[PDB]
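Below is one structure; the comments refer to it alone.
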Amino acid sequence: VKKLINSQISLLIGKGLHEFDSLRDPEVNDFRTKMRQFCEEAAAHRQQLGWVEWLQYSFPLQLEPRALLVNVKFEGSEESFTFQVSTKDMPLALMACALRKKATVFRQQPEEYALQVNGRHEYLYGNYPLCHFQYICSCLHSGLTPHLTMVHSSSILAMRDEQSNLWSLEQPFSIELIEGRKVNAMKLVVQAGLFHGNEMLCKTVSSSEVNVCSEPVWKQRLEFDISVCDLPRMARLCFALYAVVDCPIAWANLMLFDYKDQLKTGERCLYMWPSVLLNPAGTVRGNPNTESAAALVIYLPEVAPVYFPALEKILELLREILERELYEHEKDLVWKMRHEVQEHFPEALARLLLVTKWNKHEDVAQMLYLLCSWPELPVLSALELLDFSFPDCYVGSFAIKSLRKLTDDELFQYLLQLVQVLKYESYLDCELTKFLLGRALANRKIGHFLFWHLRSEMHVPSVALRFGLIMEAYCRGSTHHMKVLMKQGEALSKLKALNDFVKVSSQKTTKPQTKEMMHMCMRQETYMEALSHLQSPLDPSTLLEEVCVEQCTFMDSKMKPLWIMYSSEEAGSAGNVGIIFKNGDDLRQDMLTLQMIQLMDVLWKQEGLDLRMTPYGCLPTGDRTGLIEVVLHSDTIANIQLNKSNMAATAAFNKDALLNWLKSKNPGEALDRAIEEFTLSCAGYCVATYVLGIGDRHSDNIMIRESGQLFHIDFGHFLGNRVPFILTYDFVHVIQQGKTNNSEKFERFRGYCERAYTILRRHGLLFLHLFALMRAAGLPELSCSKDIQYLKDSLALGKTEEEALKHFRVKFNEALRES
Ligand SMILES: Cc1c(F)cncc1-n1c([C@H](C)Nc2nc(N)nc(N)c2C#N)nc2cccc(Cl)c2c1=O
């Protein structure tokens, strides 16, 4: 039976476990073994969780950063009770009324129950007011009634049990460039370099020119200007093979120490990766395609059986003005006064690490000595220390320790970045991986998105091995969740097949007939079973039950993305949800953008500013494949501004097209609120697109909800890849209630944008650190530091608050006149 588990893991993660064994790699063998035990311990520790502690695992509380209707029922019968509680009351008080009424009806304690949202994997519990749970707030703003279900602890325990599995070497370092066998048309050079992060340990050495028609020989010694004893634990030997008369050919990196801290000897064949000159941030593992990849055979001198010194023998061995790059005389000053840093400037650790002589072991030993006695840093400081610019393992481990105090909501917000950092790791076994795995096994919602973040990039060879092992390890921690995720993969597998059929059919057949054929294909037994009854990959708390084939369709645009609607006779209206399956686009940029907008939303509302944003879900699931959450009861600006006849939004002037639409959806007194929702949401996405630099904003990639809420879609383009600010007049026409003159509901809108802009400025370092880590993703519009510089200037983080606010209004003033 252990085999089927092994078999469905292989099917799930998208690569056979036999391939792991086929490598015969001791490092791989150690990773799988060591973490299988760790995840199985967490599995046995998880199930020791009491029934309440189990709720916190499987269904973590969804909290947002006067009376109301609430109906509640029990699991046994479908007979219901509608109570009238306040938004102040605890779920306990509500459960008390539910039991008391049940008593009265049937014959005649609340702590033994939990409130489940109808038809969703979301629960209401704890000592929180009802208006703290986001489901209740979602009902308050929608005007719907919260339908809850009294779930006893005995059935919750049933849910639990059902998921059941030397400094002596002072001679110069050097190598032996032997052979390899390439491809080009001239002469050829091999430039090698030693790196500790993004900067060199010493001066790079180049090979001697050797003819192209080769498969060559060099057998040339490359002596580096650095002692062997001074090689840091995380030193990288980076090669660069290129032709010259400059045409780059290939690159390859290598650690000088294995995962067992042993100095490497001797000969090694380096299967290089194609290029675009040195690439120090690249992977340290060779090209898996050993058939086509050019190799580079080197040899490492036997300098003795030496290992990198244990930490125990390492421990043996004008500033405030320049606190906001640095000059050499300033670096000297920071390093000289390094003890005062630890004592009085604890969070200035990053700066102190950047002035540390990493090419000299004595300076590193002293630095590591201070780090071992260094006070815990805030989350924001630790996020910076995760970057590749701090490649030392003990530093990366220290940053992890400062991130152990991450709340699950914080971790969820930063998870995308933390996963991309795994690409900076030099070894499979690292503190970051175990932290991610540990938190994923403690929180099913974290584990859900951790999986899909790894599974989405299994098509990428340089991370296929690492991500595949981590997912396998997680599966050991929960065989049940593995089955749940596998149900999601089978649905996505059918959607892929369905979309291929739609793509082909729509090119040789009209849309209505294609949509008709789409329906017939979906009505197949294998499609009905695969696409139904599953946890939405976009949101595991959202259940996708019965698929409404009649409500399913596709768009006439390039990739013909699918529109799949769902319904549930258990969730009521909260079950009528939809997903958008798109195949062909790199949805990674949309996910990042929407996550950052979501972050802005959190930062705004925990300051008391609810700009009524619509951060819909967007999750890449495979190679240029992913899902997008359907925003119900909405429409694009362009479709509304079509001024379609025979309707209610038909206007005498195109200016009134959008305003007439709102009044048709919000009759009478309901209008005034829709105007506000529009005004708030407009100011939000406005500031959001300016900061993130989202250009190409037109009426086709901008939508509006019937409640009035304005929201943007299809973010392929951020960080100006320089974008001015984007204020069209028809939106202003709505904000000013239609009248051409309306200063106070416009200046108030102006105040909305400015406050929303200043709030993001104070959290500017958060956006800087997160984007810096996201450079590891390999996103085309986020690779160089000039993309980062854009965010610096959009937030004006080098300037004072009113200096930036003054400048912020300048472009605001420019946007209103070209309007
Ligand atoms: C084009 C369009 C429209 F004019 C009005 N409403 C919806 C559409 N529309 C859209 C729009 C443009 N995109 C979105 N629409 C909603 N409601 N929520 C979103 N999160 C997004 C997004 N991103 N995408 C599709 C993707 C596939 C198949 C179809 Cl069949 C449609 C489709 O119809």
Side-chain angles (χ1 to χ4, degrees), residues 166-167 170 194-203 225-236 256-257 261 280 308-405 421 424 426 431-432 765 768-769 772-773 785 797-798:
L166 271 157
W167 295 303
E170 293 178 350
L194 286 177
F195 286 86
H196 184 74
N198 290 119
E199 280 237 310
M200 296 166 291
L201 285 168
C202 57
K203 329 166 29 190
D225 189 22
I226 186 178
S227 176
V228 173
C229 65
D230 292 323
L231 295 173
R233 176 56 185 84
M234 295 297 148
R236 290 192 173 185
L256 301 185
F257 294 81
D261 306 272
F308 190 88
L311 189 60
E312 331 306 312
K313 219 36 164 51
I314 300 181
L315 295 176
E316 233 304 301
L317 182 62
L318 306 95
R319 201 208 329 281
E320 188 169 347
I321 295 99
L322 55 96
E323 310 295 80
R324 299 286 79 85
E325 105 186 68
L326 245 57
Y327 285 112
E328 184 65 24
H329 61 78
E330 291 172 325
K331 302 174 181 179
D332 291 344
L333 181 49
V334 172
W335 171 253
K336 173 202 207 209
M337 264 154 33
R338 68 182 191 270
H339 290 82
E340 251 273 285
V341 176
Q342 184 185 23
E343 232 183 312
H344 288 171
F345 299 88
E347 312 164 356
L349 173 63
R351 293 243 216 177
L352 188 57
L353 290 171
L354 297 183
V355 304
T356 307
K357 263 57 183 176
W358 296 103
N359 51 6
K360 298 293 179 65
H361 67 273
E362 62 180 60
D363 300 82
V364 181
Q366 295 175 5
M367 169 52 59
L368 289 180
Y369 179 77
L370 298 180
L371 185 61
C372 288
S373 54
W374 205 280
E376 175 180 353
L377 296 186
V379 169
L380 186 53
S381 296
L383 289 181
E384 184 182 19
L385 294 174
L386 292 175
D387 214 332
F388 186 65
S389 57
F390 307 98
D392 188 82
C393 50
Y394 296 138
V395 173
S397 182
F398 177 82
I400 290 301
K401 296 185 181 59
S402 299
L403 289 179
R404 304 191 317 120
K405 62 172 176 298
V421 176
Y424 285 151
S426 295
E431 304 291 340
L432 174 57
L765 283 180
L768 282 185
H769 294 165
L773 296 179
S785 61
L797 294 176

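Numbers for residues simply follow the sequence, beginning at 1. We use all heavy atoms of the structure for the numbers below, so side chains are in, but hydrogens, waters and symmetry mates are not.
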Could you report the tightest heavy-atom contact between [X] and [Y], atom names first, then the distance?
{"X": "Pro346", "Y": "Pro375", "result": "CB-CG, 3.8 Å"}
{"X": "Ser227", "Y": "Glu170", "result": "OG-CA, 3.2 Å"}
{"X": "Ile226", "Y": "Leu231", "result": "CD1-CD2, 4.1 Å"}
{"X": "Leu386", "Y": "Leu403", "result": "CD1-CD1, 3.6 Å"}
{"X": "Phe398", "Y": "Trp374", "result": "CE1-O, 3.7 Å"}

Applying ring-ring contact (aromatic ring centres under 6.0 Å, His included) to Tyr394 and not counting sequence neighbours gives none
Could you pull out all residues at least two apart from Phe308 that satisfy ring-ring contact (aromatic ring centres under 6.0 Å, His included)?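 Per chain and number, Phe308 pairs via ring-ring contact (aromatic ring centres under 6.0 Å, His included) with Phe257.
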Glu199 atom CD, neighbour heavy-atom count above 12 within 6.0 Å: no
Quiz prompt | Residue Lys331 excluded, over 12 heavy atoms near NZ under 6.0 Å | solution = yes
[atom1] of [X] to [atom2] of [Y]: how many Å apart, nearest 0.5 Å?
{"X": "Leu353", "Y": "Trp335", "atom1": "CG", "atom2": "CH2", "answer": "9.5 Å"}
{"X": "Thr356", "Y": "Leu370", "atom1": "OG1", "atom2": "CG", "answer": "9.0 Å"}
{"X": "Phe345", "Y": "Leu352", "atom1": "CZ", "atom2": "CG", "answer": "12.0 Å"}
{"X": "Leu377", "Y": "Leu383", "atom1": "CG", "atom2": "CG", "answer": "11.0 Å"}
{"X": "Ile314", "Y": "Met367", "atom1": "CD1", "atom2": "CE", "answer": "13.5 Å"}
{"X": "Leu380", "Y": "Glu347", "atom1": "CG", "atom2": "CD", "answer": "8.5 Å"}

- Task: Using a strict 4.0 Å threshold on nitrogen-to-oxygen distance, state whether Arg233 and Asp392 make a salt bridge.
- Result: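 So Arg233 does not pair with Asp392 through a salt bridge.
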Side chain to side chain, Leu201 and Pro232, heavy atoms closer than 4.5 Å:
yes
(message) Counting C-beta onward and ignoring hydrogens, is there a side-chain heavy-atom pair between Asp387 and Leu773 closer than 4.5 Å?
(response)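 SC-SC contact between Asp387 and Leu773 confirmed.
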Donor-acceptor pairs under 3.5 Å, side chain of residues 315-328 to any protein atom, not counting sequence neighbours: which ones?
from: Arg319; atom 1: NH1; to: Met337; atom 2: O; distance (Å): 2.9
from: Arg319; atom 1: NH2; to: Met337; atom 2: O; distance (Å): 2.9
from: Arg324; atom 1: NH1; to: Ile321; atom 2: O; distance (Å): 3.0
from: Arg324; atom 1: NH2; to: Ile321; atom 2: O; distance (Å): 2.7

Residues 349-369 vs ring pair (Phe, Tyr, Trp, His ring centres under 6.0 Å), sequence neighbours excluded, gives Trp167-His361, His196-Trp358
Q. With distance as the sole test, does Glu431 use its side chain to make a donor-acceptor pair with the main-chain N or O of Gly396 at under 3.5 Å?
A. no
Residues passing the salt bridge (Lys or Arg N to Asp or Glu O under 4.0 Å) test with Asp332, sequence neighbours excluded, are none
Contacts of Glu376 meeting side chain to side chain contact (heavy atoms under 4.5 Å, CB included) (sequence neighbours excluded), chain-then-number -> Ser402, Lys405
- Message: Assess the residue pair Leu349 and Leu371 against the criterion (side chain to side chain contact (heavy atoms under 4.5 Å, CB included)); give the C-alpha distance rounded to whole Å, side-chain angles, the decisive distance to 0.1 Å, and a yes or no.
- Response: CA-CA 9 Å; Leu349 173 63; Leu371 185 61; 3.7 Å; yes
